[PDB]
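> Let me give you the structure first, and then I'll get to my questions.
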Number of protein chains: 4
Amino acid sequence: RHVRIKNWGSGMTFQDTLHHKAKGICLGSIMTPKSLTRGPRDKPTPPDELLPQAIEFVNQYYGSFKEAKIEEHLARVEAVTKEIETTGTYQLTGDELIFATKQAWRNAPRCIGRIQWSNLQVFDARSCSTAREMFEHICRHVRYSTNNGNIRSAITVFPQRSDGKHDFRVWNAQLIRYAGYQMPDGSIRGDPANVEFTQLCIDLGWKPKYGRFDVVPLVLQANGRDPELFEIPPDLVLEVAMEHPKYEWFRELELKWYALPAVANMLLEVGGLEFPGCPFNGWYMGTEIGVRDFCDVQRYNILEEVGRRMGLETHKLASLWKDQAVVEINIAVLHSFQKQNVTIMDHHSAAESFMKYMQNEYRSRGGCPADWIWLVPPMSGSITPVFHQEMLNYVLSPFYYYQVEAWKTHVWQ
Amino acid sequence: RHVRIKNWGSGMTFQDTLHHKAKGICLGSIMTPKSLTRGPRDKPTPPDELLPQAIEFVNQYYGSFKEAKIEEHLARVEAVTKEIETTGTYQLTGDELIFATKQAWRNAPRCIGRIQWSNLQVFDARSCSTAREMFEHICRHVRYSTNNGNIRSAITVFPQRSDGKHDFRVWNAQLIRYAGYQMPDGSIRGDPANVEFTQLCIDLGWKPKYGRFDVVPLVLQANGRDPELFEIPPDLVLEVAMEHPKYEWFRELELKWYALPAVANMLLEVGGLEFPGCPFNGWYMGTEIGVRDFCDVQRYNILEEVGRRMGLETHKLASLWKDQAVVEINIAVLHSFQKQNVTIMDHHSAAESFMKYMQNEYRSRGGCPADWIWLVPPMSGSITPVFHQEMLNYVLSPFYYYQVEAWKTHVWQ
Amino acid sequence: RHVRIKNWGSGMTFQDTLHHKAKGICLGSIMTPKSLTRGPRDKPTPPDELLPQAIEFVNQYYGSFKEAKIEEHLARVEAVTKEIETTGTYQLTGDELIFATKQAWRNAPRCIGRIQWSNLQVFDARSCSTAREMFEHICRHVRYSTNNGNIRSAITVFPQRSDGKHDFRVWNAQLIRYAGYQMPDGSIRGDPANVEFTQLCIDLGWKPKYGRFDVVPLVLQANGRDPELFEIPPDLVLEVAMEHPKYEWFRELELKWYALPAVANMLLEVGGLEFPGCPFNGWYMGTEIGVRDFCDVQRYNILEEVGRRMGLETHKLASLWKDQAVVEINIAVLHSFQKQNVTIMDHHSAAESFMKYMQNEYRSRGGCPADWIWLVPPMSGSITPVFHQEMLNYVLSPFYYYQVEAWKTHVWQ
Amino acid sequence: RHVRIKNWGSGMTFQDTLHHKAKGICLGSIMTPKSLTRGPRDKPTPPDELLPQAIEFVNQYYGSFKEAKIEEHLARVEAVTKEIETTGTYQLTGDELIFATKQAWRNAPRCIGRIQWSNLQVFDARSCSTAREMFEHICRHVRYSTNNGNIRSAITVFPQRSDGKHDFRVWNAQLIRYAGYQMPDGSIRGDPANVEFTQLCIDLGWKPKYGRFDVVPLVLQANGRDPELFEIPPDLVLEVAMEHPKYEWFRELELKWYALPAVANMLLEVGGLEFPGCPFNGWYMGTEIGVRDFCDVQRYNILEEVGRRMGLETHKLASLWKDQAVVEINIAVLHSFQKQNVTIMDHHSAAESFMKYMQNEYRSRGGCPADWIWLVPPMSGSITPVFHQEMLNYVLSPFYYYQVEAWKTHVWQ
Ligand code: HEM
Ligand code: HEM
Ligand code: HEM
Ligand code: HEM
Ligand SMILES: Cc1cc(N)nc(CCc2cncc([C@H](CN)Cc3cc(C)cc(N)n3)c2)c1
Ligand SMILES: Cc1cc(N)nc(CCc2cncc([C@H](CN)Cc3cc(C)cc(N)n3)c2)c1
Ligand SMILES: Cc1cc(N)nc(CCc2cncc([C@H](CN)Cc3cc(C)cc(N)n3)c2)c1
Ligand SMILES: Cc1cc(N)nc(CCc2cncc([C@H](CN)Cc3cc(C)cc(N)n3)c2)c1
Ligand SMILES: C[C@H](O)[C@H](O)[C@H]1CNc2nc(N)[nH]c(=O)c2N1
Ligand SMILES: C[C@H](O)[C@H](O)[C@H]1CNc2nc(N)[nH]c(=O)c2N1
Ligand SMILES: C[C@H](O)[C@H](O)[C@H]1CNc2nc(N)[nH]c(=O)c2N1
Ligand SMILES: C[C@H](O)[C@H](O)[C@H]1CNc2nc(N)[nH]c(=O)c2N1
């Protein structure tokens, strides 16, 4: 049974059926609902409970293939059953893992970038062992993805959970993020969103360097142990200085940003197994840096200042000065990234492509999970076509769930 | 059960309890869910189930007063219970109404303009009997709200619902909307969302004027009977012609819009009762006209034209040429409404005043129902505090529901 | 002894030999130098001193012909001597007259229109005797030249002056002009520059209408007699109402002007004869009305008002507000004229057309008399080629001279 | 004898007597006429042709002081007479020079700045001895007058002409001026009026830089010797980059202009002495950059382009596009110089003051020598009072004369 949804802009309608295949988990605009969280545990998933899911994942994987693969399918099911019954858990083939990481992306309902899903570099780092080693893998990763400014998407997978006590985790939210500091006059220099995390880093040893853009160290957690700190060697963090193609004074704001956006603190779910260490990256969309990173009040908040030097009437709020200023900032980001041969995509182009993605999804697998709230751009929203797209939002499997900030639960062994 | 609600903008965090007294009706971004609709009926609501709700609301009414008048309260509940007795339904004092309209405004979650909820003008018209009287009651409503420039808000309540066979309802979307016509060569002229309806109007005998800004006539329904067209007198329609502070050429586009946004076809629910005609108006928000009306591909869609006219790089999408037009078009709208002294609200001031309201509502009733998707303005979203506010969405009584539009069910006499 | 003459704009460089013929009469920018006036006299030009000037002209006339008839040159030269000896004066042949009016035009150093000179209607009114009769020829001239808006150049020539005591003249500076009146409160209303003359008319019987554009009557003198008033029928007075093509409000200044510019008060000198009655007209140049008639402080003086009305910064001198208004008014004039199918020439075309003329003159007769001060338009001067053209000013024969205005010398019967 | 002259705008007339004192020298609109030029010579000015002129000046000087200085005056008259009897020439006191330069400024009849005359830095450089020494002096002068943007007027005076074989002159017509080059395909780059000169320096060994705004070298001539080239230190050449305050695109024209207008190539006459080296500067009038430098066909010629940039009907003349652009360019010039904090006066302000200057001169020496052709701005002429003022032109003494340009008449060592 089918659910009707309409693109009010084109009149085109899809019939969504893939929903009636969803894990059945209005908590309305909540950023991190419980429904999308996967907490810690501390005994391994009951093996009885894991079995049906593993058959289901094996079944998904095999029915992904061009011709039927009967022989090897039946083989794999038996194989997997025995493995769980005898060992409590199971291991997945090198391929299975590729397929899952790609599928879980495809299933991520907040990612506008999804047209790229079939195209994802998969770093199998499951046999990883000290934080020493986690750090090395993460560099192998950043080097590949930064690709001399021609960003590519890639994922690095650290060994499954077992226990719920021997977790491999990156504690940082993103691989590369700017520090933020509470200054003695009560003011915040740096990135206010990160005041808390940086404190943690300082507490754990890091020398606080008191600057607008200091890159915070990796906080790496091997086998559930206490975390250890590593600094990403600077020449692997690729950055872009902001300038504006018309306004000189832009350069004087002395603004820059990193090229590579990588989520680190999220957990991957596959046929019942959980990986709490999987950092993945794509490339940036204009507005993320422009609108958010630079104009959000709780991030860099450069909006007021720019209005002032565009000489706008920053006091009559009705003059739309704020909107003008946003747009200039956003041109500046794109322009800088282009003037520099560093991959980046504007929100219009993104949305356009997402519409094509959404189209083939319905055409090919009967559906497409999507968070409208997340997918419609932080700026000039109803000008993009996704704005007028009725969309359904649901949890499939494989899937990327958020977990609980690691420090919130860790026991300092 | 108290539910946590954060404003990632400031940090300020609300507790929410009000959700609990919501007779609890992911249908994600669906424009009109069945959840939010009030269908047609052919019998009157059963004695049995109409009484509990009748009581419910009288309760609300009284425990909202100066203090608490104890036996108007038992003598009003005496009244109602014995009123359902002898004709199985009931009346509301010329005054329980003033309350429930103001209350159901307070309760409509998509309205960003709810700081003004107590400042409403109630036009009692529940006695009214030809459609041609409906017409006059509406023109009172209009001349009043238009107020020669300075807009005030008003609702007009028509007779409730007996058999359902005898409904009083306006078929229009809003009172003032522009007609849309499908031209000989297949092209469209006017407001293209309204083609549909303009068509219907013509079939009911309206002479089409084949013009971009023609005001479509009222289609009116006297208790059940077929509908009759009455055109509004042209000088009860206040309109603003568009021009730009900086762009003399903007006039050349010859664009204008109406002063007054009113909603004809929603149904009010009050402690059990249903009123299928209750038009209500407020004043316009900048974007509704600037962004939405003018820029939407399925509306006037002038964006391409304005960018040619500002000579931007209208072929390189990533030049943000779209985002600039949209700003400039909106300054035009905002500026034109000041130049001709007509109440208008830019989307910032709206947002801010909403945030103040939302704060009040959580302070004084422990909850504020809000549909994030509708409240965040259609341009420059994240530059308005509401974007960063987590919100809960729920239906209370009294409430304004959408109906299936008359022409689709109404049995043709 | 040719004089070098450089056009700094082009670099092109003429050699003037025609100044050698100048009757050799720094009076820098004086509007009416003594040497361009022909005063009254009160005895005929002495037979003696006239004779050579008559021959003079005669050779110049015949030496003008393509052909060259020697025996007619002699026949004419003979007729003339034998005419001057016996009458004391001579008579021009009809044809000689055409030639002479045309030549004096060519010889008018202040007239940018000269490209047109070979092409000019000549009305012979030398046999005229009553003032009423003068008035008839004049309306013939006006209907002819007005030509339903397609203006044509023409001159009407009244009886030569005989003894200086029997002059036929028009006292009016121009055939069509608006009255200026001195109001009781100090202020002036109408054409301030014309208060003076208006007064005289009132004095001779005319009823003042106290209106901004009131057409003054004709003040006509027939051989010596006190002048008489006739009003040109409103039908022969073609006018144009100013509107601007972007500013509706322009029409609110209720401005108009007349289509026909005719100098009436000047004196033609041919071969020692003086005709002090000879009005001639051409078509208007934009700027004459736009810059001069409307913006001269001592004329209609509308400039400040057009300023306020356009919204410019009219107390900051440096804002160039004075210069923007003058451009817009000047457009209104051209626009208005086009709009009503009435010949008008803008000052740019005029400039260029003069340059083509000047150059032909240098080619064909070795010189071209030219008053730089009068020829360079009253706005955007250096933008016209005549500005960078070095010129010589000098008096040839025939020639149009200024006269001492009649009322200043006339003795009244 | 008195000479009456009218201001047609104001009605006001002066009578002029100062002209009787003019050393008695139509040479019509000639830029650089014989009568205002001052020959080279090869003998000293014969002593007793000098004498009457020396007494004359000495008389003027003492006559300038508020209270008769009888003794000191007589002393100086004999002083001088002796000096001439015995040396065949004379020196003038440091003070007399200060007085002369100012008087001669007052007497230069083409300078609308003259309102300032009483107010001039006078660099005595009469002791000067080499071309290098000349260069030294000229910098003192530029750093002084440039005065950090706040322009001040100054004159530097090099040693009087002796036998006029040992002249001291700067061959450059102005101090700072841009080179103009004739490019290989005959197009002209830079300042086309300046081509032939720039070629001269190229030939005296300047390395041509082939840009738009190349500052030319100084061509210096000491003691009649051949000249030598010096380049002004670039940081003494203050320039203004041009931007319109409404049109961003203006900045894209990439125009700038120097801040200091200094005339070198003129000769000072005082009491029969000739100074062939006296460079003077004042500050700019808007128009001479905006209208002339930027719009003359023979200059930077931008008009066509700005027209295109502005959407104007550059193909239909009568649209007055040309007039509209010349305005905006001019605004840009003033606005640029104002924002960059550099003295400039606009042509209305200029003219309004000349008018006060004139009116004082009449009040107080019975005259004011004025070239109307040069005084009336190259734009909106009629809109400035001077257009309407009849003015007399004549040569007093002291006086700044023009010279045969040095390269025409230099005996090449
Ligand atoms: C072609 C490259 C990609 C682009 C252009 C892109 C674009 C985006 C953007 C703009 C967001 C929202 C970011 C924000 O709100 O702060 C997002 C969210 C997300 N994307 Fe992507 N994406 C890309 C690749 C990926 C990849 C490779 C994965 C993992 C396989 C992924 C999974 C997600 C997830 C899980 C979110 C949720 C955001 C959160 O709460 O942190 N995306 N994507
Ligand atoms: C005080 C003036 C008012 C302002 C400024 C205002 C503002 C707005 C805005 C901007 C919208 C969204 C428009 C759209 O998306 O098409 C809206 C929708 C709405 N408002 Fe208001 N409002 C006002 C008065 C009222 C009143 C008097 C009522 C009823 C008593 C009301 C109930 C609603 C409802 C139910 C909607 C949803 C409309 C729909 O789905 O068609 N508002 N309001
Ligand atoms: C094609 C038609 C003509 C045009 C466009 C034209 C243009 C002009 C203009 C623009 C002026 C200056 C007006 C002012 O500043 O007051 C002028 C002055 C003059 N033109 Fe013409 N002209 C035309 C025909 C004639 C004719 C037919 C004659 C006589 C044969 C003539 C002789 C003069 C004279 C004598 C002046 C100086 C008049 C004065 O001081 O009032 N022009 N002309
Ligand atoms: C307040 C300062 C001054 C201003 C604003 C000013 C303004 C002007 C202007 C606009 C011109 C016409 C320039 C042109 O068409 O190229 C001019 C010409 C002239 N001014 Fe000045 N002036 C100033 C000071 C001086 C000084 C200090 C002198 C010499 C002492 C001077 C002597 C002249 C001379 C001789 C000319 C004739 C220009 C030529 O053909 O080279 N002015 N002045
Ligand atoms: C794969 C990828 C691609 C891309 N273009 N951008 C990204 C952005 C990742 C990111 C960076 N900085 C902040 C965020 C989000 C806030 N916008 C993370 C977040 C924060 C919070 C408080 C809740 C939540 N659910 N998610 C996400 C990831
Ligand atoms: C009371 C009031 C105030 C105000 N400022 N603006 C308005 C706008 C009313 C309006 C005008 N034009 C179109 C609409 C709605 C779209 N936003 C119509 C609509 C269409 C559909 C398919 C669903 C829906 N729920 N509503 C609403 C109403
Ligand atoms: C034949 C012709 C053509 C044309 N296009 N314009 C005209 C303008 C005639 C005109 C109209 N209004 C005033 C004037 C002149 C000043 N502009 C009159 C005049 C006045 C004074 C005080 C002195 C003088 N020499 N000339 C002339 C004539
Ligand atoms: C002291 C001073 C002040 C000021 N505001 N402007 C100036 C003008 C400097 C200047 C710059 N470029 C050209 C000129 C003159 C053109 N108006 C040059 C010139 C050329 C010719 C051929 C003749 C002539 N007499 N004068 C002058 C000087
Ligand atoms: C499909 C999607 O829900 C639809 O385009 C909605 C989105 N948000 C909106 N928000 C407001 N305020 N008004 C609207 O019409 C819409 N349209
Ligand atoms: C309250 C609300 O959920 C929150 O501010 C969200 C809204 N939508 C978003 N959408 C994206 N893509 N990224 C964000 O950070 C947010 N913030
Ligand atoms: C004083 C000066 O001669 C007078 O204002 C002149 C200037 N130049 C002119 N030039 C033309 N063509 N017409 C005029 O009236 C004038 N007026
Ligand atoms: C030919 C004419 O004299 C030449 O183009 C003059 C005109 N008037 C001028 N007036 C000023 N002030 N400066 C100039 O260069 C000129 N040029």
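The residue numbers of chain D are those assigned by Swiss-Prot, with the residues present covering 83-107, 115-502 sequentially.
Heads up, header says this was done by X-ray crystallography, 3.2 Å.
In case you wondered, yes, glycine gets a Cβ from its N, Cα and C as well.
If you look up Swiss-Prot, you'll see D:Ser118, D:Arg381, D:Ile462, D:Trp463, D:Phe476 marked as (6R)-L-erythro-5,6,7,8-tetrahydrobiopterin binding site. Residues annotated as heme b binding site in Swiss-Prot: D:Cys200, D:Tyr491. Residues or ranges marked as phosphoserine in Swiss-Prot: D:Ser234. Per Swiss-Prot, L-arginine binding site is recorded for D:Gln263, D:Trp372, D:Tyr373, D:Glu377, and the stated evidence type is similarity to another entry.
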> Quick one: give me the count of other CB atoms within 10 A of the CB of D:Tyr491 (heme b binding site).
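Here the count is 16.
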> Can you grab the distance from D:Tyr491 (heme b binding site) over to D:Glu377 (L-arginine binding site)? Cα atoms, rounded to a whole Å.
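Spelling it out, the Cα of D:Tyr491 (heme b binding site) and the Cα of D:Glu377 (L-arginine binding site) are 20 Å apart.
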> Give the residue from the binding-site residues D:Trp372, D:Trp463 that has the most other Cβ atoms within 10 Å of its Cβ, counting over every protein chain displayed.
D:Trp372
> Of all the recorded positions given, D:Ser118, D:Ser234, D:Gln263, which has the fewest Cβ neighbours within 10 Å once its own Cβ is left out?
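Among the recorded positions D:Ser118, D:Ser234, D:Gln263, the sparsest Cβ neighbourhood within 10 Å belongs to D:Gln263.
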> Are there any residues in the same chain, six or more apart in sequence, whose C-beta is under 8 angstroms from the C-beta of D:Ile462 ((6R)-L-erythro-5,6,7,8-tetrahydrobiopterin binding site), and if so which?
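Non-local contacts for D:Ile462 ((6R)-L-erythro-5,6,7,8-tetrahydrobiopterin binding site): D:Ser118.
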> Given the recorded L-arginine site (D:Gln263, D:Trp372, D:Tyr373, D:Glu377), which additional residues of the same chain have their Cβ within 8 Å of the Cβ centre, ordered by sequence?
D:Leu349, D:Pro350, D:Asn370, D:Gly371, D:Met374, D:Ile378
> Which of these binding-site residues is closest to D:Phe476 ((6R)-L-erythro-5,6,7,8-tetrahydrobiopterin binding site) if you go by CA atoms: D:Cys200, D:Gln263, D:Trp372, D:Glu377?
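If we rank D:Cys200, D:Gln263, D:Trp372, D:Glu377 by Cα distance to D:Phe476 ((6R)-L-erythro-5,6,7,8-tetrahydrobiopterin binding site), first place goes to D:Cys200.
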> Determine, to the nearest whole angstrom, how far the Cα atom of D:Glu377 (L-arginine binding site) is from the Cα atom of D:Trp463 ((6R)-L-erythro-5,6,7,8-tetrahydrobiopterin binding site).
11
> Do any of the binding-site residues D:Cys200, D:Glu377, D:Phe476 touch ligand 5, in the sense that the CB is under 6 Å from one of its atoms?
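Cβ under 6 Å from ligand 5: none.
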> Which ones in the same chain are close to D:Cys200 (heme b binding site), with CB under 8 Å and 6+ residues apart in sequence?
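Those within reach of D:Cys200 (heme b binding site), by Cβ under 8 Å and sequence separation of 6 or more, are D:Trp194, D:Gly371.
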> Just to be sure I understand: of D:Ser234, D:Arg381, D:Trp463, which recorded positions have a C-alpha no more than 10 angstroms from the C-alpha of D:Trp372 (L-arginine binding site)?
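Correct set: D:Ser234.
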> Just give me the nearest neighbour of D:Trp463 ((6R)-L-erythro-5,6,7,8-tetrahydrobiopterin binding site) among the recorded positions D:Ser234, D:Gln263, D:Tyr373, Cα to Cα.
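So, spelling it out, the nearest of the recorded positions is D:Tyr373.
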> Which whole-number value in Å describes the separation of the CA atoms of D:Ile107 and D:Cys115, between which 7 residues are not modelled?
12
> Go through the binding-site residues D:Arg381, D:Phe476, D:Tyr491 one by one and keep only those whose Cβ is less than 8 Å from a Cβ of chain C; report them in sequence order, or 'none'.
D:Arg381, D:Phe476
> Could you state, as a whole number of Å, the largest distance between Cα atoms of any two of D:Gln263, D:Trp372, D:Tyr373, D:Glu377, the listed L-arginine binders?
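The span, Cα to Cα at its widest, is 14 Å.
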> Check the binding-site residues D:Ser118, D:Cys200, D:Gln263, D:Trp372, D:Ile462, D:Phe476 for any whose Cβ is under 6 angstroms from an atom of ligand 4, and report them in sequence order.
D:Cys200, D:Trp372
> Going by C-alpha distance, which of the recorded positions D:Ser234, D:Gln263, D:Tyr373 is nearest to D:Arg381 ((6R)-L-erythro-5,6,7,8-tetrahydrobiopterin binding site)?
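Out of the listed candidates, the nearest Cα belongs to D:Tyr373.
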> At a 10 Å cut-off from the C-beta of D:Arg381 ((6R)-L-erythro-5,6,7,8-tetrahydrobiopterin binding site), count the other C-beta atoms across all protein chains.
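Result for D:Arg381 ((6R)-L-erythro-5,6,7,8-tetrahydrobiopterin binding site): 20 neighbouring Cβ atoms inside 10 Å.
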> How would DSSP class D:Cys200 (heme b binding site) in three states?
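It is coil.
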> So what sits near D:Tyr373 (L-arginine binding site) in its own chain, CB-to-CB under 8 Å and at least six residues off in sequence?
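D:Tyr373 (L-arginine binding site) has long-range Cβ partners D:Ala348, D:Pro350, D:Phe426, D:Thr432, D:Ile433, D:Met434.
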